[PDB]
>>> print(open('model-v9.cif').read())   # mmCIF, N, CA and C atoms and all ligand atoms
data_final
#
loop_
_atom_site.label_atom_id
_atom_site.label_comp_id
_atom_site.auth_asym_id
_atom_site.auth_seq_id
_atom_site.Cartn_x
_atom_site.Cartn_y
_atom_site.Cartn_z
N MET A 1 -0.79 9.49 -56.56
CA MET A 1 -0.84 10.17 -55.26
C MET A 1 -1.41 11.58 -55.45
N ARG A 2 -2.53 11.88 -54.79
CA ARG A 2 -3.19 13.16 -54.90
C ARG A 2 -3.08 13.93 -53.57
N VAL A 3 -3.42 15.22 -53.64
CA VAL A 3 -3.50 16.10 -52.50
C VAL A 3 -4.98 16.46 -52.32
N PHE A 4 -5.50 16.13 -51.13
CA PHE A 4 -6.88 16.33 -50.74
C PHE A 4 -6.93 17.48 -49.74
N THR A 5 -7.87 18.39 -49.95
CA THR A 5 -8.34 19.24 -48.91
C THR A 5 -9.34 18.43 -48.08
N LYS A 6 -9.66 18.91 -46.89
CA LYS A 6 -10.63 18.28 -46.02
C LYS A 6 -12.03 18.40 -46.63
N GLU A 7 -12.28 19.48 -47.37
CA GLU A 7 -13.56 19.67 -48.01
C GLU A 7 -13.74 18.55 -49.04
N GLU A 8 -12.70 18.29 -49.84
CA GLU A 8 -12.73 17.25 -50.86
C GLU A 8 -12.79 15.87 -50.23
N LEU A 9 -12.08 15.68 -49.12
CA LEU A 9 -12.03 14.39 -48.46
C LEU A 9 -13.41 14.01 -47.91
N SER A 10 -14.21 15.03 -47.55
CA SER A 10 -15.55 14.81 -46.95
C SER A 10 -16.51 14.15 -47.94
N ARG A 11 -16.23 14.34 -49.24
CA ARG A 11 -17.01 13.73 -50.29
C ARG A 11 -16.86 12.20 -50.29
N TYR A 12 -15.74 11.68 -49.77
CA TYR A 12 -15.41 10.24 -49.84
C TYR A 12 -15.92 9.57 -48.56
N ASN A 13 -17.25 9.54 -48.44
CA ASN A 13 -17.92 9.28 -47.18
C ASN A 13 -18.62 7.93 -47.20
N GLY A 14 -18.38 7.14 -48.26
CA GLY A 14 -18.87 5.78 -48.33
C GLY A 14 -20.36 5.68 -48.63
N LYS A 15 -21.04 6.82 -48.85
CA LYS A 15 -22.49 6.86 -49.06
C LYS A 15 -22.82 6.99 -50.55
N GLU A 16 -23.92 6.36 -50.96
CA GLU A 16 -24.52 6.55 -52.29
C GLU A 16 -23.50 6.21 -53.38
N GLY A 17 -22.68 5.18 -53.13
CA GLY A 17 -21.73 4.65 -54.11
C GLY A 17 -20.37 5.34 -54.07
N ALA A 18 -20.20 6.36 -53.23
CA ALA A 18 -18.91 7.08 -53.11
C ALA A 18 -17.93 6.21 -52.33
N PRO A 19 -16.61 6.24 -52.64
CA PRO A 19 -15.64 5.52 -51.83
C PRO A 19 -15.59 6.07 -50.41
N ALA A 20 -15.09 5.24 -49.50
CA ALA A 20 -14.89 5.60 -48.11
C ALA A 20 -13.37 5.74 -47.88
N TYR A 21 -12.97 6.98 -47.61
CA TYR A 21 -11.57 7.34 -47.37
C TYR A 21 -11.48 7.87 -45.94
N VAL A 22 -10.35 7.62 -45.27
CA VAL A 22 -10.13 8.17 -43.94
C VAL A 22 -8.72 8.73 -43.93
N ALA A 23 -8.51 9.87 -43.25
CA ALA A 23 -7.17 10.43 -43.14
C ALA A 23 -6.60 10.10 -41.75
N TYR A 24 -5.28 9.88 -41.72
CA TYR A 24 -4.57 9.64 -40.48
C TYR A 24 -3.15 10.19 -40.63
N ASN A 25 -2.80 11.19 -39.80
CA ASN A 25 -1.43 11.73 -39.72
C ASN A 25 -0.97 12.20 -41.10
N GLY A 26 -1.88 12.84 -41.86
CA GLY A 26 -1.56 13.50 -43.12
C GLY A 26 -1.74 12.65 -44.37
N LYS A 27 -2.03 11.35 -44.21
CA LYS A 27 -2.17 10.38 -45.32
C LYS A 27 -3.63 9.90 -45.43
N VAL A 28 -4.09 9.70 -46.66
CA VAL A 28 -5.47 9.36 -46.93
C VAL A 28 -5.48 7.92 -47.42
N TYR A 29 -6.31 7.10 -46.75
CA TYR A 29 -6.42 5.68 -46.95
C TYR A 29 -7.79 5.39 -47.56
N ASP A 30 -7.82 4.51 -48.56
CA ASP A 30 -9.05 4.02 -49.12
C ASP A 30 -9.49 2.77 -48.34
N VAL A 31 -10.53 2.93 -47.53
CA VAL A 31 -11.06 1.86 -46.70
C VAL A 31 -12.38 1.33 -47.28
N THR A 32 -12.66 1.66 -48.54
CA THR A 32 -13.78 1.07 -49.27
C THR A 32 -13.53 -0.44 -49.34
N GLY A 33 -14.57 -1.23 -49.07
CA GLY A 33 -14.41 -2.69 -49.12
C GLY A 33 -14.21 -3.30 -47.75
N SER A 34 -13.62 -2.55 -46.80
CA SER A 34 -13.66 -2.89 -45.38
C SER A 34 -15.12 -2.83 -44.90
N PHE A 35 -15.66 -3.98 -44.48
CA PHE A 35 -17.02 -4.02 -43.96
C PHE A 35 -17.14 -3.18 -42.67
N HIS A 36 -16.01 -2.87 -42.03
CA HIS A 36 -15.98 -1.95 -40.89
C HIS A 36 -16.33 -0.52 -41.29
N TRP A 37 -16.19 -0.19 -42.58
CA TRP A 37 -16.38 1.17 -43.06
C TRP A 37 -17.47 1.29 -44.13
N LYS A 38 -18.18 0.21 -44.47
CA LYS A 38 -19.22 0.31 -45.52
C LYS A 38 -20.35 1.21 -44.99
N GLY A 39 -20.96 1.98 -45.89
CA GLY A 39 -21.90 3.04 -45.52
C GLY A 39 -21.17 4.28 -45.00
N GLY A 40 -19.85 4.16 -44.80
CA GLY A 40 -19.02 5.27 -44.31
C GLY A 40 -19.16 5.53 -42.82
N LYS A 41 -19.69 4.55 -42.09
CA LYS A 41 -19.77 4.59 -40.64
C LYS A 41 -18.86 3.48 -40.11
N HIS A 42 -18.14 3.81 -39.03
CA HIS A 42 -17.21 2.91 -38.34
C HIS A 42 -17.64 2.80 -36.87
N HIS A 43 -18.39 1.74 -36.56
CA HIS A 43 -18.77 1.36 -35.18
C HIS A 43 -19.38 2.54 -34.44
N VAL A 44 -20.30 3.23 -35.13
CA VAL A 44 -21.23 4.21 -34.57
C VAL A 44 -20.53 5.57 -34.40
N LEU A 45 -19.31 5.57 -33.86
CA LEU A 45 -18.67 6.78 -33.37
C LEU A 45 -17.98 7.58 -34.49
N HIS A 46 -17.65 6.92 -35.61
CA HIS A 46 -16.71 7.45 -36.60
C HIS A 46 -17.35 7.51 -38.00
N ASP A 47 -17.00 8.59 -38.72
CA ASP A 47 -17.48 8.85 -40.06
C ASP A 47 -16.29 8.80 -41.02
N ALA A 48 -16.49 8.12 -42.15
CA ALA A 48 -15.56 8.16 -43.26
C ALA A 48 -15.54 9.59 -43.79
N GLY A 49 -14.45 9.94 -44.48
CA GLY A 49 -14.35 11.22 -45.12
C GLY A 49 -13.81 12.29 -44.20
N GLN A 50 -13.13 11.87 -43.13
CA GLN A 50 -12.61 12.79 -42.14
C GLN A 50 -11.18 12.42 -41.76
N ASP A 51 -10.47 13.42 -41.23
CA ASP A 51 -9.24 13.20 -40.53
C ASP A 51 -9.57 12.75 -39.10
N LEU A 52 -9.23 11.50 -38.80
CA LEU A 52 -9.57 10.88 -37.56
C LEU A 52 -8.31 10.61 -36.72
N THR A 53 -7.27 11.44 -36.93
CA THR A 53 -6.01 11.28 -36.25
C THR A 53 -6.24 11.25 -34.73
N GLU A 54 -6.95 12.25 -34.21
CA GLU A 54 -7.22 12.35 -32.78
C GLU A 54 -8.10 11.20 -32.31
N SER A 55 -9.06 10.77 -33.14
CA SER A 55 -10.10 9.78 -32.80
C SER A 55 -9.52 8.41 -32.43
N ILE A 56 -8.27 8.12 -32.79
CA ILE A 56 -7.73 6.75 -32.68
C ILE A 56 -7.49 6.40 -31.20
N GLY A 57 -7.28 7.43 -30.37
CA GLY A 57 -6.96 7.31 -28.95
C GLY A 57 -7.99 6.49 -28.18
N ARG A 58 -9.26 6.62 -28.58
CA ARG A 58 -10.39 5.97 -27.93
C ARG A 58 -10.71 4.61 -28.58
N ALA A 59 -10.15 4.33 -29.77
CA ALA A 59 -10.39 3.06 -30.48
C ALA A 59 -9.85 1.89 -29.67
N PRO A 60 -10.41 0.66 -29.83
CA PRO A 60 -9.86 -0.55 -29.21
C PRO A 60 -8.69 -1.17 -30.01
N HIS A 61 -7.98 -0.31 -30.74
CA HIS A 61 -6.95 -0.71 -31.67
C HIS A 61 -6.07 0.51 -31.94
N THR A 62 -5.01 0.33 -32.73
CA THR A 62 -4.15 1.45 -33.14
C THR A 62 -4.21 1.59 -34.67
N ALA A 63 -3.47 2.58 -35.19
CA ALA A 63 -3.53 2.98 -36.60
C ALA A 63 -2.85 1.95 -37.51
N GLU A 64 -2.15 0.97 -36.92
CA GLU A 64 -1.49 -0.14 -37.65
C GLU A 64 -2.44 -0.77 -38.68
N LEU A 65 -3.73 -0.84 -38.34
CA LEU A 65 -4.72 -1.55 -39.16
C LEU A 65 -4.97 -0.82 -40.50
N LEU A 66 -4.65 0.48 -40.58
CA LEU A 66 -4.73 1.25 -41.86
C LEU A 66 -3.76 0.70 -42.92
N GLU A 67 -2.75 -0.08 -42.51
CA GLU A 67 -1.67 -0.49 -43.41
C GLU A 67 -2.15 -1.45 -44.50
N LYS A 68 -3.23 -2.19 -44.23
CA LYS A 68 -3.77 -3.12 -45.20
C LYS A 68 -4.43 -2.38 -46.38
N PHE A 69 -4.68 -1.07 -46.25
CA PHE A 69 -5.46 -0.29 -47.22
C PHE A 69 -4.57 0.63 -48.06
N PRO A 70 -4.92 0.87 -49.35
CA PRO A 70 -4.13 1.78 -50.19
C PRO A 70 -4.11 3.21 -49.64
N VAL A 71 -2.94 3.85 -49.70
CA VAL A 71 -2.81 5.29 -49.51
C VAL A 71 -3.08 5.93 -50.87
N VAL A 72 -4.08 6.81 -50.93
CA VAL A 72 -4.50 7.40 -52.18
C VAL A 72 -4.03 8.87 -52.24
N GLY A 73 -3.52 9.39 -51.13
CA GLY A 73 -2.94 10.72 -51.17
C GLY A 73 -2.61 11.25 -49.79
N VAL A 74 -2.41 12.57 -49.75
CA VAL A 74 -2.09 13.28 -48.56
C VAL A 74 -3.15 14.36 -48.39
N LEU A 75 -3.35 14.76 -47.13
CA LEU A 75 -4.40 15.66 -46.76
C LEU A 75 -3.78 17.03 -46.45
N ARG A 76 -4.30 18.04 -47.17
CA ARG A 76 -3.69 19.33 -47.56
C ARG A 76 -2.48 19.64 -46.68
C1 LIG A 101 -13.73 4.80 -32.27
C2 LIG A 101 -13.15 5.02 -30.88
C3 LIG A 101 -13.44 3.42 -32.86
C4 LIG A 101 -13.95 2.06 -32.56
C5 LIG A 101 -14.91 1.70 -31.45
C6 LIG A 101 -13.36 1.24 -33.53
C7 LIG A 101 -13.54 -0.22 -33.57
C8 LIG A 101 -12.90 -1.19 -34.50
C9 LIG A 101 -13.13 -2.57 -34.42
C10 LIG A 101 -13.98 -3.35 -33.44
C11 LIG A 101 -12.36 -3.15 -35.55
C12 LIG A 101 -12.16 -4.59 -36.00
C13 LIG A 101 -10.80 -5.14 -35.50
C14 LIG A 101 -9.93 -5.78 -36.58
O1 LIG A 101 -8.68 -5.67 -36.50
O2 LIG A 101 -10.45 -6.42 -37.53
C15 LIG A 101 -11.76 -1.95 -36.14
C16 LIG A 101 -10.92 -2.07 -37.32
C17 LIG A 101 -10.31 -0.97 -38.06
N1 LIG A 101 -10.42 0.30 -37.64
FE1 LIG A 101 -11.45 1.11 -36.00
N2 LIG A 101 -12.52 1.87 -34.39
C18 LIG A 101 -12.57 3.15 -34.01
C19 LIG A 101 -11.84 4.24 -34.66
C20 LIG A 101 -10.99 4.15 -35.83
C21 LIG A 101 -10.42 5.30 -36.36
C22 LIG A 101 -10.56 6.67 -35.77
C23 LIG A 101 -9.74 4.79 -37.57
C24 LIG A 101 -8.87 5.45 -38.58
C25 LIG A 101 -8.38 6.66 -38.43
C26 LIG A 101 -10.02 3.35 -37.53
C27 LIG A 101 -9.54 2.41 -38.54
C28 LIG A 101 -9.73 0.96 -38.58
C29 LIG A 101 -9.19 0.18 -39.59
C30 LIG A 101 -8.35 0.62 -40.76
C31 LIG A 101 -9.58 -1.18 -39.23
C32 LIG A 101 -9.27 -2.48 -39.98
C33 LIG A 101 -10.39 -2.70 -41.00
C34 LIG A 101 -10.28 -4.01 -41.73
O3 LIG A 101 -9.33 -4.78 -41.49
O4 LIG A 101 -11.16 -4.31 -42.58
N3 LIG A 101 -10.79 3.02 -36.49
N4 LIG A 101 -12.11 -0.81 -35.53
#
>>> encode(input="model-v9.cif", output="C-alpha cells")
Amino acid sequence: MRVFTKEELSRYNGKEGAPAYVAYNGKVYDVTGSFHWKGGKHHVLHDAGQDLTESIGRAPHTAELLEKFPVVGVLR
C-alpha cells in the first residue's frame, strides 16, 4: 500500500505502457486490464490517472464497479 500525490497519480495514465490507475474517495485502484480503461480513456469523458470522485455522478453506474480492481494505495 503506497501513498500517491495527484502529481504522481497522473503518471498512471494507461499510455505508452504505463498502468492505468484511478482514484475514488481517497483510494487508488489499478484498472489496467479493464478494456474500459485501456489507453487510459474511459468512454470519452474520463482520463485515467485522476481523482474522479466527483465524476461518478454523471456515470451510468456507481463506484461499486471499482471493487473488482486492486487498491494499490491512497491519494495524498
Ligand atoms: C463518465 C460520466 C462515465 C461513463 C459514461 C462511464 C461508462 C461506463 C460503462 C458503459 C461501463 C461498463 C459497465 C460494466 O459494468 O461493465 C463502465 C464500467 C466501469 N466504470 Fe465507468 N463511466 C464513467 C465514469 C467512471 C468514473 C468517473 C470511474 C471511476 C472513478 C468509473 C469506473 C468504472 C469501472 C471501475 C468499471 C468496471 C470496469 C470493468 O469491469 O472492467 N467510471 N463505465
>>> closest_atom_pairs(input="model-v9.cif", of="chain A", to="ligand LIG 101 (chain A)", cutoff="7 Å", atoms="only C-alpha atoms and all ligand atoms", output="Markdown table")
| residue | atom | partner | partner_atom | distance |
| --- | --- | --- | --- | --- |
| A:22 | CA | A:LIG101 | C25 | 6.0 |
| A:23 | CA | A:LIG101 | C25 | 6.2 |
| A:24 | CA | A:LIG101 | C25 | 5.3 |
| A:31 | CA | A:LIG101 | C30 | 6.6 |
| A:34 | CA | A:LIG101 | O4 | 4.0 |
| A:35 | CA | A:LIG101 | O4 | 6.0 |
| A:36 | CA | A:LIG101 | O4 | 5.6 |
| A:42 | CA | A:LIG101 | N2 | 6.2 |
| A:43 | CA | A:LIG101 | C5 | 5.4 |
| A:45 | CA | A:LIG101 | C1 | 5.4 |
| A:46 | CA | A:LIG101 | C1 | 5.9 |
| A:51 | CA | A:LIG101 | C25 | 6.9 |
| A:52 | CA | A:LIG101 | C25 | 4.5 |
| A:53 | CA | A:LIG101 | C25 | 5.6 |
| A:55 | CA | A:LIG101 | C22 | 4.3 |
| A:56 | CA | A:LIG101 | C22 | 4.2 |
| A:57 | CA | A:LIG101 | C2 | 6.9 |
| A:58 | CA | A:LIG101 | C2 | 4.2 |
| A:59 | CA | A:LIG101 | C2 | 3.4 |
| A:60 | CA | A:LIG101 | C7 | 5.7 |
| A:61 | CA | A:LIG101 | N4 | 6.4 |
| A:63 | CA | A:LIG101 | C24 | 6.2 |
| A:65 | CA | A:LIG101 | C30 | 4.5 |
| A:66 | CA | A:LIG101 | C30 | 3.8 |
| A:68 | CA | A:LIG101 | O3 | 6.9 |
>>> write_last_selection(input="model-v9.cif", atoms="N, CA and C atoms", output="PDB file, in the coordinates of the input")
ATOM      1  N   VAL A  22     -10.350   7.620 -45.270  1.00  0.00           N
ATOM      2  CA  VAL A  22     -10.130   8.170 -43.940  1.00  0.00           C
ATOM      3  C   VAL A  22      -8.720   8.730 -43.930  1.00  0.00           C
ATOM      4  N   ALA A  23      -8.510   9.870 -43.250  1.00  0.00           N
ATOM      5  CA  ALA A  23      -7.170  10.430 -43.140  1.00  0.00           C
ATOM      6  C   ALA A  23      -6.600  10.100 -41.750  1.00  0.00           C
ATOM      7  N   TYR A  24      -5.280   9.880 -41.720  1.00  0.00           N
ATOM      8  CA  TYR A  24      -4.570   9.640 -40.480  1.00  0.00           C
ATOM      9  C   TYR A  24      -3.150  10.190 -40.630  1.00  0.00           C
ATOM     10  N   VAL A  31     -10.530   2.930 -47.530  1.00  0.00           N
ATOM     11  CA  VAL A  31     -11.060   1.860 -46.700  1.00  0.00           C
ATOM     12  C   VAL A  31     -12.380   1.330 -47.280  1.00  0.00           C
ATOM     13  N   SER A  34     -13.620  -2.550 -46.800  1.00  0.00           N
ATOM     14  CA  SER A  34     -13.660  -2.890 -45.380  1.00  0.00           C
ATOM     15  C   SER A  34     -15.120  -2.830 -44.900  1.00  0.00           C
ATOM     16  N   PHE A  35     -15.660  -3.980 -44.480  1.00  0.00           N
ATOM     17  CA  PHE A  35     -17.020  -4.020 -43.960  1.00  0.00           C
ATOM     18  C   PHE A  35     -17.140  -3.180 -42.670  1.00  0.00           C
ATOM     19  N   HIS A  36     -16.010  -2.870 -42.030  1.00  0.00           N
ATOM     20  CA  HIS A  36     -15.980  -1.950 -40.890  1.00  0.00           C
ATOM     21  C   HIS A  36     -16.330  -0.520 -41.290  1.00  0.00           C
ATOM     22  N   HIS A  42     -18.140   3.810 -39.030  1.00  0.00           N
ATOM     23  CA  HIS A  42     -17.210   2.910 -38.340  1.00  0.00           C
ATOM     24  C   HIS A  42     -17.640   2.800 -36.870  1.00  0.00           C
ATOM     25  N   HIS A  43     -18.390   1.740 -36.560  1.00  0.00           N
ATOM     26  CA  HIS A  43     -18.770   1.360 -35.180  1.00  0.00           C
ATOM     27  C   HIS A  43     -19.380   2.540 -34.440  1.00  0.00           C
ATOM     28  N   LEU A  45     -19.310   5.570 -33.860  1.00  0.00           N
ATOM     29  CA  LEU A  45     -18.670   6.780 -33.370  1.00  0.00           C
ATOM     30  C   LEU A  45     -17.980   7.580 -34.490  1.00  0.00           C
ATOM     31  N   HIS A  46     -17.650   6.920 -35.610  1.00  0.00           N
ATOM     32  CA  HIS A  46     -16.710   7.450 -36.600  1.00  0.00           C
ATOM     33  C   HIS A  46     -17.350   7.510 -38.000  1.00  0.00           C
ATOM     34  N   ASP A  51     -10.470  13.420 -41.230  1.00  0.00           N
ATOM     35  CA  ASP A  51      -9.240  13.200 -40.530  1.00  0.00           C
ATOM     36  C   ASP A  51      -9.570  12.750 -39.100  1.00  0.00           C
ATOM     37  N   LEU A  52      -9.230  11.500 -38.800  1.00  0.00           N
ATOM     38  CA  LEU A  52      -9.570  10.880 -37.560  1.00  0.00           C
ATOM     39  C   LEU A  52      -8.310  10.610 -36.720  1.00  0.00           C
ATOM     40  N   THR A  53      -7.270  11.440 -36.930  1.00  0.00           N
ATOM     41  CA  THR A  53      -6.010  11.280 -36.250  1.00  0.00           C
ATOM     42  C   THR A  53      -6.240  11.250 -34.730  1.00  0.00           C
ATOM     43  N   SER A  55      -9.060  10.770 -33.140  1.00  0.00           N
ATOM     44  CA  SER A  55     -10.100   9.780 -32.800  1.00  0.00           C
ATOM     45  C   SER A  55      -9.520   8.410 -32.430  1.00  0.00           C
ATOM     46  N   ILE A  56      -8.270   8.120 -32.790  1.00  0.00           N
ATOM     47  CA  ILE A  56      -7.730   6.750 -32.680  1.00  0.00           C
ATOM     48  C   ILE A  56      -7.490   6.400 -31.200  1.00  0.00           C
ATOM     49  N   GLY A  57      -7.280   7.430 -30.370  1.00  0.00           N
ATOM     50  CA  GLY A  57      -6.960   7.310 -28.950  1.00  0.00           C
ATOM     51  C   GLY A  57      -7.990   6.490 -28.180  1.00  0.00           C
ATOM     52  N   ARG A  58      -9.260   6.620 -28.580  1.00  0.00           N
ATOM     53  CA  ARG A  58     -10.390   5.970 -27.930  1.00  0.00           C
ATOM     54  C   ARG A  58     -10.710   4.610 -28.580  1.00  0.00           C
ATOM     55  N   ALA A  59     -10.150   4.330 -29.770  1.00  0.00           N
ATOM     56  CA  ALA A  59     -10.390   3.060 -30.480  1.00  0.00           C
ATOM     57  C   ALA A  59      -9.850   1.890 -29.670  1.00  0.00           C
ATOM     58  N   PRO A  60     -10.410   0.660 -29.830  1.00  0.00           N
ATOM     59  CA  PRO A  60      -9.860  -0.550 -29.210  1.00  0.00           C
ATOM     60  C   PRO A  60      -8.690  -1.170 -30.010  1.00  0.00           C
ATOM     61  N   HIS A  61      -7.980  -0.310 -30.740  1.00  0.00           N
ATOM     62  CA  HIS A  61      -6.950  -0.710 -31.670  1.00  0.00           C
ATOM     63  C   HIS A  61      -6.070   0.510 -31.940  1.00  0.00           C
ATOM     64  N   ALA A  63      -3.470   2.580 -35.190  1.00  0.00           N
ATOM     65  CA  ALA A  63      -3.530   2.980 -36.600  1.00  0.00           C
ATOM     66  C   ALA A  63      -2.850   1.950 -37.510  1.00  0.00           C
ATOM     67  N   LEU A  65      -3.730  -0.840 -38.340  1.00  0.00           N
ATOM     68  CA  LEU A  65      -4.720  -1.550 -39.160  1.00  0.00           C
ATOM     69  C   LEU A  65      -4.970  -0.820 -40.500  1.00  0.00           C
ATOM     70  N   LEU A  66      -4.650   0.480 -40.580  1.00  0.00           N
ATOM     71  CA  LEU A  66      -4.730   1.250 -41.860  1.00  0.00           C
ATOM     72  C   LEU A  66      -3.760   0.700 -42.920  1.00  0.00           C
ATOM     73  N   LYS A  68      -3.230  -2.190 -44.230  1.00  0.00           N
ATOM     74  CA  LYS A  68      -3.770  -3.120 -45.200  1.00  0.00           C
ATOM     75  C   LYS A  68      -4.430  -2.380 -46.380  1.00  0.00           C
TER      76      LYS A  68
END
>>> residues_around(input="model-v9.cif", residues="residue 4 (chain A)", least_positions_apart="5", cutoff="6 Å", atoms="all atoms listed in the file", output="ChimeraX atom specification")
/A:9,73-76
>>> select_by_dssp(input="model-v9.cif", residues="region 15-45 of chain A", states="strand (DSSP E or B)", output="PyMOL selection string")
chain A and resi 20-24+27-30+41-42
>>> residues_around(input="model-v9.cif", residues="residue 37 (chain A)", least_positions_apart="6", cutoff="8 Å", atoms="only N, CA and C atoms", output="PyMOL selection string")
chain A and resi 13-14+20+31+43+47-48
>>> closest_residue(input="model-v9.cif", among="A:10, A:1, A:19, A:41", to="residue 71 (chain A)", atoms="all atoms listed in the file")
A:1
>>> atom_distance(input="model-v9.cif", atom1="CA of residue 25 (chain A)", atom2="CA of residue 11 (chain A)")
18.9 Å
>>> closest_residue(input="model-v9.cif", among="A:49, A:33, A:39, A:8", to="residue 21 (chain A)", atoms="only N, CA and C atoms")
A:49
>>> atom_distance(input="model-v9.cif", atom1="atom N of residue 38 (chain A)", atom2="CA of residue 15 (chain A)")
9.2 Å
>>> closest_residue(input="model-v9.cif", among="A:26, A:18, A:40, A:7", to="residue 54 (chain A)", atoms="only C-alpha atoms")
A:26
>>> select_by_dssp(input="model-v9.cif", residues="region 3-65 of chain A", states="alpha helix (DSSP H)", output="list in words")
residues 6, 7, 8, 9 and 10 of chain A
>>> write_last_selection(input="model-v9.cif", atoms="N, CA and C atoms", output="compact mmCIF listing (two decimals), in the coordinates of the input")
# COMPACT_ATOMS: atom_id res chain seq x y z
N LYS A 6 -9.66 18.91 -46.89
CA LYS A 6 -10.63 18.28 -46.02
C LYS A 6 -12.03 18.40 -46.63
N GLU A 7 -12.28 19.48 -47.37
CA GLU A 7 -13.56 19.67 -48.01
C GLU A 7 -13.74 18.55 -49.04
N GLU A 8 -12.70 18.29 -49.84
CA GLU A 8 -12.73 17.25 -50.86
C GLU A 8 -12.79 15.87 -50.23
N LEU A 9 -12.08 15.68 -49.12
CA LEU A 9 -12.03 14.39 -48.46
C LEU A 9 -13.41 14.01 -47.91
N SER A 10 -14.21 15.03 -47.55
CA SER A 10 -15.55 14.81 -46.95
C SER A 10 -16.51 14.15 -47.94
>>> atom_distance(input="model-v9.cif", atom1="atom N of residue 29 (chain A)", atom2="CA of residue 16 (chain A)")
19.0 Å
